Amino acid sequence: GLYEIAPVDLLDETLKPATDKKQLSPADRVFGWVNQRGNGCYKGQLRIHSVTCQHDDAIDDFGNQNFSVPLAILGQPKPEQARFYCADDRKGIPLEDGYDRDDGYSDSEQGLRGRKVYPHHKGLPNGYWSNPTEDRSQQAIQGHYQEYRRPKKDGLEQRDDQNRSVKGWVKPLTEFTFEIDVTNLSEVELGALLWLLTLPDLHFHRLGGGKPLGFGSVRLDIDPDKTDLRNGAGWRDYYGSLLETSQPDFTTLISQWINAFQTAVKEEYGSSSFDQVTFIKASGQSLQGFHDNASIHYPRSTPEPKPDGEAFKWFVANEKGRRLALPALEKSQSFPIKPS
Amino acid sequence: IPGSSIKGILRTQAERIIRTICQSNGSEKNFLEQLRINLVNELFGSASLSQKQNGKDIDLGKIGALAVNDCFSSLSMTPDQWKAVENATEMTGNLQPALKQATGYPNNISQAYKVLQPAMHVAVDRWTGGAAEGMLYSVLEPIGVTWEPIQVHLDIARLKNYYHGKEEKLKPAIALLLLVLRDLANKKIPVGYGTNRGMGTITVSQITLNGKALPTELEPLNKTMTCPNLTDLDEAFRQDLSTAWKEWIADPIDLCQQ
Amino acid sequence: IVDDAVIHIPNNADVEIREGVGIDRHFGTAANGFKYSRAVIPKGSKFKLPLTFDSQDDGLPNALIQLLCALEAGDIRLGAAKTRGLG
RNA sequence: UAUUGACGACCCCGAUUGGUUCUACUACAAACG
């Protein structure tokens, strides 16, 4: 069957990519925009540059240059799973459990679930990433299976054309420095950026590939001694002379800019608290990871990642069972392994 | 790197400095009007545009006193070696020999790709992840191409003619140019394609100012600078320029009108 | 007397085409209409200096010797886009 | 009344600006004490 509404129709016109210069949202100004439908483009006010690795031996040669870990299966996203990708409201609330699939992309008052994020894999034990050529996928070492590695079948590597393999990776605890050059950011636009770059402890960004498998969790923090932010008044002083002159101390203002951002979110997405705003609470849970120590892995009908990888049959059991939808991210609810 | 490109980035930063000081916006002006602002009209030049002032007819156009020369790499290829790259069809296929050939490392893809590196990029769809349909593209990033020095040429004689001979009127244009070079050295001016998208940042390790028959007060320009912040130029000279610069900022007249 | 001088492009390299764009100073992006291209003679290309001087005075003028010095110094520029890379 | 039973990759560039503005003959030698 075909659902009755196309997903584009379950997204509000104010959330679709911008079609003209006057509908540029904050990221379309900060990071820039090109119209996908006609004329119109804007150079982004934010430039990332000067990325340097500090560590010389940053790359995990797993043992020999020819070694390679076979890397789970990174499958393609399938939004046909309406209980995962469709929202019962344009607030982004999940579908209700127990309803038949036809309920999915069914009414214009349905919504999309919004921006897909890969929550940090909190609580991965010591040695989880260690010695990754070893097929520890079939034992619950400290309560987790080696979820990032394709299991062996019959004792041989499953280097099929569904998975990729990697000859190495950047080790954990390796460090990169990069710089952001910003232009004409307002205090909200700047405070939003600096909030991301000054998240509290154990908030982690997700980067690169393999994010469903736990890869690419990174901590971003600012180096204040190499940061030089001034408003246009402070640049008139800088360009006022060829002699050196005092830069302002931006560290007195960083908290003010973050508050300017935070109060704007409280005011436009009406809440008594900033942290209770649903996309803020959801985003926070993504960066922080789930607290209940349940493992993060694709749905399957068995604790172990069995080698044949029949992840589809959890969805079969769910269809005949309690037809549960993907829980709201800020609710931190785990799925059962038997959705029935 | 065309000199048209190095001149447009320098002009863009020069104009941005001028507009920043005067707090003068560029959003309402069309592009020909955006270009036409003070000091840059003499340094970088202005379009020929005859205008009736009042009975008298005047060309607003003047050639740039500032001229930039195309920049070229240390790295050369035979005309067919590059055609082997332009006409490669498979990134992991025939492109690999083409780049190994053209970089001069026919047997070290690693060394070859430390010079010219193919980079794949995706746009990731915001609800699904994965990749947006069609939005897969590749850049040949010249990550390790080495370049020749950029060569700019300021016709002091041409400026002095615009300022009707007055060598005292040079100092603001010189001051602007040194401010543009301070930004260039401080990575504030990226060059070329993709500057916001992983490319275009340069490191300036030396600027050599080398004028001939300069007027006696501009002669302290004859300097090899390696500090980005111009502190290799004599402070008494940088203060003299700063004084004339500040005098102009206080009243930013059209300095070639007399 | 200055004659017309044919340009010998090295080997038989074809003319290059050079793209140009005006970048809007507000948006930082290609200004509408301001997209252009210029055919340019490569570099290394040679042409004759076709000069004849009829002297009525004796010797050769100083100003003309100075000119030939500037040519050997490479100080004279020719054609369009002299500030923007060329000539 | 809900069973049958596991396999499988996709994306490969997309949108846009493509010229804009100025100079278009000027002095002459033939006219005029």
Side-chain angles (χ1 to χ4, degrees), chain A residues 239-240 242, chain B residues 2-22 24 26 31-49 59-70 150-185 188-189 191 207-215 217-218 221 225 230 233 238 240-242 244-249 251-258, chain C residues 22-23 25 77 81-87:
Chain A
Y239 297 123
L242 286 80
Chain B
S4 284
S5 282
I6 315 152
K7 190 187 186 201
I9 69 183
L10 294 175
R11 186 186 183 115
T12 296
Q13 192 67 10
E15 292 171 29
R16 184 180 296 134
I17 290 164
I18 297 288
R19 287 191 285 257
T20 296
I21 283 164
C22 306
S24 179
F31 176 73
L32 287 175
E33 263 62 73
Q34 288 174 343
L35 289 173
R36 207 192 304 107
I37 80 174
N38 284 334
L39 301 180
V40 305
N41 294 332
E42 307 98 276
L43 282 169
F44 297 96
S46 51
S48 286
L49 172 57
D59 191 17
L60 277 51
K62 69 205 72 184
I63 194 165
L66 195 155
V68 203
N69 280 1
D70 307 17
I150 301 168
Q151 300 281 337
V152 187
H153 177 252
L154 176 68
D155 192 339
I156 295 290
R158 185 54 57 59
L159 275 187
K160 188 178 175 185
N161 294 11
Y162 300 146
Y163 306 144
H164 305 288
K166 297 183 180 287
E167 307 88 346
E168 186 172 16
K169 267 67 185 177
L170 292 167
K171 298 184 182 182
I174 303 302
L176 176 66
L177 179 57
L178 284 169
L179 294 170
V180 178
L181 296 170
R182 190 172 74 193
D183 284 359
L184 189 71
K188 277 172 166 282
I189 317 177
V191 53
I207 302 184
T208 289
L209 294 157
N210 176 59
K212 305 297 295 187
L214 294 180
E217 59 203 316
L218 294 186
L221 290 169
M225 310 192 296
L230 314 175
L233 289 167
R238 284 183 291 127
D240 183 37
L241 285 188
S242 300
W245 181 233
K246 289 180 175 192
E247 288 169 6
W248 187 79
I249 289 170
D251 183 15
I253 57 153
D254 303 24
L255 202 58
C256 53
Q257 188 166 15
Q258 188 160 236
Chain C
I23 300 299
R25 301 298 192 245
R77 295 208 179 207
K82 287 178 292 302
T83 60
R84 327 183 289 260
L86 270 45

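Naming convention: chains lettered A, B, ... in sequence-line order (proteins, then strands); numbering from 1 in each chain. Below, each value reflects all heavy atoms present in this structure, side chains not excepted, and no hydrogens, waters or symmetry copies.
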>> Could you walk me through whether B:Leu35 and B:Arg11 satisfy the side chain to side chain contact (heavy atoms under 4.5 Å, CB included) test, starting with their C-alpha distance in whole Å, then the side-chain angles of each, then the deciding distance to 0.1 Å, before giving a yes or no?
In response: CA-CA 9 Å; B:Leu35 289 173; B:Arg11 186 186 183 115; 3.5 Å; yes

> Got a second to check how far B:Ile37's CD1 is from B:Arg19's CZ, nearest 0.5 Å?
Replying inline: 4.5 Å

>> Pair B:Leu218, B:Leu170 - check side chain to side chain contact (heavy atoms under 4.5 Å, CB included), show working.
In response: CA-CA 9 Å; B:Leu218 294 186; B:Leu170 292 167; 3.7 Å; yes

>> Within a 6.0 Å radius of atom CD on B:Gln257, are there more than 12 heavy atoms belonging to other residues, nucleotides or ligands?
In response: no

>> Pair B:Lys160, B:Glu167 - check salt bridge (charged side-chain N to carboxylate O under 4.0 Å, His left out), show working.
In response: CA-CA 6 Å; B:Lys160 188 178 175 185; B:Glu167 307 88 346; 3.1 Å; yes

>> Closer than 3.5 angstrom, by distance alone: can the side chain of B:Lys7 be matched with the main-chain N or O of B:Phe44 as a donor-acceptor pair?
In response: yes

>> Once rounded to the nearest 0.5 Å, what's the spacing between atom CD1 of B:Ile207 and atom CG of B:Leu230?
In response: 7.5 Å

>> Restricting to non-hydrogen atoms, name the atom on B:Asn38 and the atom on B:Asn41 that form the minimum distance, rounded to 0.1 Å.
In response: N-ND2, 4.2 Å

>> Tell me whether B:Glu42 contacts the main-chain N or O of B:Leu39 through its side chain, where contact means a donor paired with an acceptor under 3.5 Å.
In response: yes

> What closest approach, in Å, do B:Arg238 and B:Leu233 show between heavy atoms, and which atom pair accounts for it?
Replying inline: NE-O, 2.9 Å

>> If I compare all heavy atoms of B:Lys62 with all of B:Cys256, which pair ends up nearest, and what's the gap?
In response: NZ-SG, 3.2 Å

> Roughly how far apart are B:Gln151 CD and B:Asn210 CG, rounded to 0.5 Å?
Replying inline: 9.5 Å

>> For a 4.5 angstrom cut-off between non-hydrogen side-chain atoms, does B:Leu10 reach B:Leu177?
In response: no

>> Please evaluate residues B:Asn69 and B:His153 with respect to the criterion side chain to side chain contact (heavy atoms under 4.5 Å, CB included), reporting the C-alpha separation (whole Å), side-chain torsions for both, the decisive distance (0.1 Å), and the verdict.
In response: CA-CA 8 Å; B:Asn69 280 1; B:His153 177 252; over 6 Å; no

>> As an exercise, state the distance from CG of B:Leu255 to NE2 of B:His164, rounded to the nearest 0.5 Å.
In response: 9.5 Å

> Is the CD atom of B:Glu33 crowded by more than 12 outside heavy atoms at less than 6.0 Å?
Replying inline: yes

> Would B:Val40 and B:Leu176 count as a side chain to side chain contact (heavy atoms under 4.5 Å, CB included) if you check the C-alpha gap in whole Å, the side-chain angles of each, and the deciding distance to 0.1 Å?
Replying inline: CA-CA 9 Å; B:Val40 305; B:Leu176 176 66; 4.2 Å; yes

>> Any heavy-atom pair between the side chains of B:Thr12 and C:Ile23 that's under 4.5 Å?
In response: no

> Mind checking whether B:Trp248 and B:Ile18 have side chains closer than 4.5 Å, heavy atoms only?
Replying inline: yes

> Say you draw a straight line from CD1 of B:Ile174 to CG of B:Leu241; how long is it, rounded to the nearest 0.5 Å?
Replying inline: 7.5 Å

> Would you say B:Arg16 and B:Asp183 make side-chain contact, with heavy atoms under 4.5 Å?
Replying inline: no

> Under 4.5 Å between any side-chain heavy atoms of B:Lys171 and B:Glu247, yes or no?
Replying inline: no

> NZ/B:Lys188 to CD1/B:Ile9 distance, rounded to the nearest 0.5 angstrom?
Replying inline: 14.0 Å

> So, the side chain of B:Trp245 versus the backbone of A:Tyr239: is there a donor-acceptor pair under 3.5 Å, distance only?
Replying inline: yes

> Does a sphere of radius 6.0 Å around NZ in B:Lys166 hold more than 12 heavy atoms from other residues, nucleotides or ligands, not counting ones at 6.0 Å or beyond?
Replying inline: no

> Is the side chain of B:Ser4 donor-acceptor paired with the backbone N or O of C:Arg84 at a distance under 3.5 Å, no angle test?
Replying inline: yes

> Do you know which two heavy atoms are closest between B:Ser46 and B:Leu60, and how far apart they sit?
Replying inline: OG-O, 2.7 Å

>> Tell me if a side-chain donor or acceptor on B:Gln34 pairs with a main-chain N or O of B:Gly26 at a distance below 3.5 Å.
In response: yes

> Looking only at heavy atoms, which two atoms of B:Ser242 and A:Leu242 are closest? And how far apart?
Replying inline: OG-N, 2.9 Å

>> So, applying side-chain contact (heavy atoms from CB on, under 4.5 Å) with B:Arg182, which one of B:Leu184, B:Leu178, B:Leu179 is it?
In response: B:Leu179

> Among B:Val68, B:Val152, B:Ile63, B:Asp155, which one satisfies side-chain contact (heavy atoms from CB on, under 4.5 Å) with C:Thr83?
Replying inline: B:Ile63

> For C:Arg25 and B:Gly8, which heavy atoms make the closest approach, and how far apart are they?
Replying inline: NH2-O, 4.2 Å

